[PDB]
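Per the deposited numbering, the sequence shown runs over residues -4 to 156, 169 to 385.
Shown next, in structure tokens, is the structure this report addresses.
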Amino acid sequence: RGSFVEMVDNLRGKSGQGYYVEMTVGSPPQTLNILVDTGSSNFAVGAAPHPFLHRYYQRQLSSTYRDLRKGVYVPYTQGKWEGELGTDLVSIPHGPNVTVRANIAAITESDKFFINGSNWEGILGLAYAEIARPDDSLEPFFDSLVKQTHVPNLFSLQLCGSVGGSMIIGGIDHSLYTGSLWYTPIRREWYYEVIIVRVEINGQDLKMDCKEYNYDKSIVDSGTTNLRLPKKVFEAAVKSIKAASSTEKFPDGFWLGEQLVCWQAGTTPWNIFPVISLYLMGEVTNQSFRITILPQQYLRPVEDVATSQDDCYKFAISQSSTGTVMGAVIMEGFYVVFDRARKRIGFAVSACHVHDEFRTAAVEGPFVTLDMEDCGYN
Ligand SMILES: Cc1cc(C#N)cnc1C(=O)Nc1ccc(F)c([C@]2(C)Cc3c(ccnc3F)C(N)=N2)c1
């Protein structure tokens, strides 16, 4: 408890391509880099030589492999993957010293799933069984891990933004944060669902029915880059961000993520952009707390741009039909504790978050907020 030096810095990535941990499948162990995804619940790995893959699960080489003789087909709005279900021995080299028998979807066909140039070959769904495919009887990896060993039912994520980070499995590491952890209830165990009760752009409230903020869902998701916001809320949100920053002009496409915006190197006017604050439901009736992110978090360097030589960024707040998504834009500001045992998520200021000399990411409380139960959709 309190320090897990083995697990510090166990995450790698490329800006915009996600955070991956090293894992091993089968006996003898096959090493794979695996995307850490709190927005899904399947452990799914490449199992065939797709050209984009550095490597893939070779079931034939594993003595400990077992067929479940059952397929799984998983469509997304952007592409898909299809696989064959089995179980095998799984471990995490830079995690706890255990080996568990977990479900594995051996991916045999896919579209727009693997990324050309990426260095991961699978995905670790860390959310709950309810949203597992094909259904909730397929036990997620973390459930298997907790049932089969003495690892405490919790994990924490420090996403640092070559990006890096830590996934502390079974605990919390106090070197990864400063100040205090503040906790928000997990509303329901399917996604990591939470409730936003108030939004401030630059200290100024948006004065929307808070029900909208969570229409139809608000989730914490390490498998999404953006802060995604319901359309009605996104509309009001950028209306206010536009106004805060009208000191300089940008095409209406930029706010829609249809175009990048560039400045001369080291010339980004961060200060013309407002801090963003979400107030989250607290542990106590009528008590909330507030997390504050910087434009550093929502204006994202796009490095791979050959038509330019400047500092070009993407506005990483975007509209959504599935609810608020608190992606890497949010998580990079904070140490995030997925306290599954107590059905809550903790936020603290990350020791690694990107901050200039004038503004810093913040987690503050307590605040008095009435009628927070009304902010959740039914
Ligand atoms: C591009 C990327 C950037 C960051 C950063 N920084 C983190 N993750 C990814 C990424 O490539 N995730 C990903 C890829 C394929 C998937 F199939 C999913 C799913 C399973 C499906 C998914 C998700 C989110 C949004 N719509 C989806 F279709 C999600 N959380 N999980 C996520």
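Positions of the beta carbon are idealized from the N, C-alpha and C atoms, including for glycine.
Use the C-beta contact count for residue i: other C-beta atoms within 10 angstroms, 16 or more gives buried, fewer gives exposed.
i: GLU265; result: exposed
i: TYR68; result: exposed
i: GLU310; result: exposed
i: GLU104; result: exposed
i: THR376; result: buried
i: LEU119; result: buried
i: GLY74; result: exposed
i: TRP115; result: buried
i: residue 160; result: Because the chain is numbered 156 and then 169 with no intervening positions, residue 160 cannot be located in this model.
i: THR33; result: buried
i: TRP76; result: buried
List the DSSP bridge partners of residue i.
i: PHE341; result: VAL356
i: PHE108; result: For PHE108, which the question treats as bridged, DSSP gives no partner whatsoever.
i: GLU207; result: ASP212 and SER284
i: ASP180; result: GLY(-3)
i: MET174; result: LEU152
i: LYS75; result: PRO70 and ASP106
i: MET333; result: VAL227 and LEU234
i: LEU6; result: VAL16 and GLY172
i: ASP130; result: According to DSSP, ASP130 bridges with nothing at all.
i: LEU27; result: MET18
i: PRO373; result: Answer is none; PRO373 lacks a bridge partner.
i: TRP189; result: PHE354
i: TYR199; result: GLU196
i: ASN98; result: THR82
i: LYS321; result: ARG307
i: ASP62; result: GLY81
i: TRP270; result: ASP318
Residue i: which of the options sits nearest, CA to CA?
i: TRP262; options: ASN233, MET288 and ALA42; result: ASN233
i: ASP106; options: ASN114, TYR71 and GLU125; result: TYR71
i: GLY8; options: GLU134, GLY78, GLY171 and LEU133; result: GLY171
i: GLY81; options: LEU63, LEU301 and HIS89; result: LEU63
i: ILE208; options: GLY(-3), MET333, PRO281 and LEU301; result: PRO281
i: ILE324; options: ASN278, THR314, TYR342 and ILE300; result: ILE300
i: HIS89; options: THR33, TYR14, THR185 and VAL0; result: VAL0
i: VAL31; options: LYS321, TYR384 and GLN12; result: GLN12
i: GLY117; options: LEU27, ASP131 and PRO46; result: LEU27
i: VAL370; options: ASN37, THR191 and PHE136; result: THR191
i: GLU79; options: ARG128, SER357 and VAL85; result: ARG128
i: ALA313; options: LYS246, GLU125, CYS269 and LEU149; result: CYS269
i: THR19; options: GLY34, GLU200, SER35 and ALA39; result: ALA39
i: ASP378; options: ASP4, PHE150 and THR292; result: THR292
i: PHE322; options: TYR123, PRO302 and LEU6; result: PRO302
i: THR94; options: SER58, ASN111 and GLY21; result: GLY21
Just the C-alpha distance for residue i and residue j, rounded to the nearest angstrom, thanks.
i: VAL146; j: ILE87; result: 13 angstroms
i: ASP83; j: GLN143; result: 13 angstroms
i: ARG347; j: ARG195; result: 11 angstroms
i: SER10; j: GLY156; result: 7 angstroms
i: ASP223; j: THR329; result: 6 angstroms
i: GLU380; j: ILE298; result: 19 angstroms
i: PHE296; j: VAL240; result: 20 angstroms
i: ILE176; j: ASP228; result: 17 angstroms
i: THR231; j: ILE29; result: 15 angstroms
i: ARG96; j: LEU154; result: 27 angstroms
i: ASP138; j: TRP197; result: 13 angstroms
i: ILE102; j: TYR15; result: 17 angstroms
i: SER132; j: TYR60; result: 19 angstroms
i: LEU56; j: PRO23; result: 8 angstroms
i: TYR320; j: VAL361; result: 15 angstroms
i: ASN92; j: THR331; result: 36 angstroms
i: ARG54; j: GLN25; result: 10 angstroms
i: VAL201; j: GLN294; result: 14 angstroms
i: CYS382; j: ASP212; result: 15 angstroms
i: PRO258; j: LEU267; result: 10 angstroms
i: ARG307; j: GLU242; result: 20 angstroms
i: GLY340; j: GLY289; result: 19 angstroms
i: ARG351; j: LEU287; result: 12 angstroms
i: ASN37; j: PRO135; result: 6 angstroms
i: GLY372; j: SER187; result: 10 angstroms
i: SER315; j: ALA100; result: 41 angstroms
i: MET215; j: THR275; result: 31 angstroms
Any heavy atom of ligand 3 closer than 7 angstroms to the CB of residue i?
i: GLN211; result: Among the ligands present in this structure, namely ligand 1, ligand 3 is not found.
Could you name the residues of the same chain whose beta carbon sits closer than 7 angstroms to that of residue i, not counting the 5 residues immediately before and after it, in chain order?
i: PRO44; result: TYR51
i: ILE248; result: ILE208 and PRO281
For residue i, which residues from the same chain have a beta carbon less than 6 angstroms from its beta carbon, with the 5 sequence-adjacent residues on both sides left out?
i: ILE279; result: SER252, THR254 and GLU255
i: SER(-2); result: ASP180
i: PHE150; result: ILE176 and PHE345
Only counting the same chain, and skipping five residues up and downstream in sequence, which positions put a Cβ closer than 8 angstroms to that of residue i?
i: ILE337; result: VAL227, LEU234, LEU285, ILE298, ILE300 and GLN304
i: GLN271; result: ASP317 and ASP318
i: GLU219; result: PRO237, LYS239 and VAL240
i: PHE109; result: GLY41, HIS45, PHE47, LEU48 and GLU116
i: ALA358; result: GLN153, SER182, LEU183, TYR184, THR185 and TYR342
i: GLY273; result: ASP318
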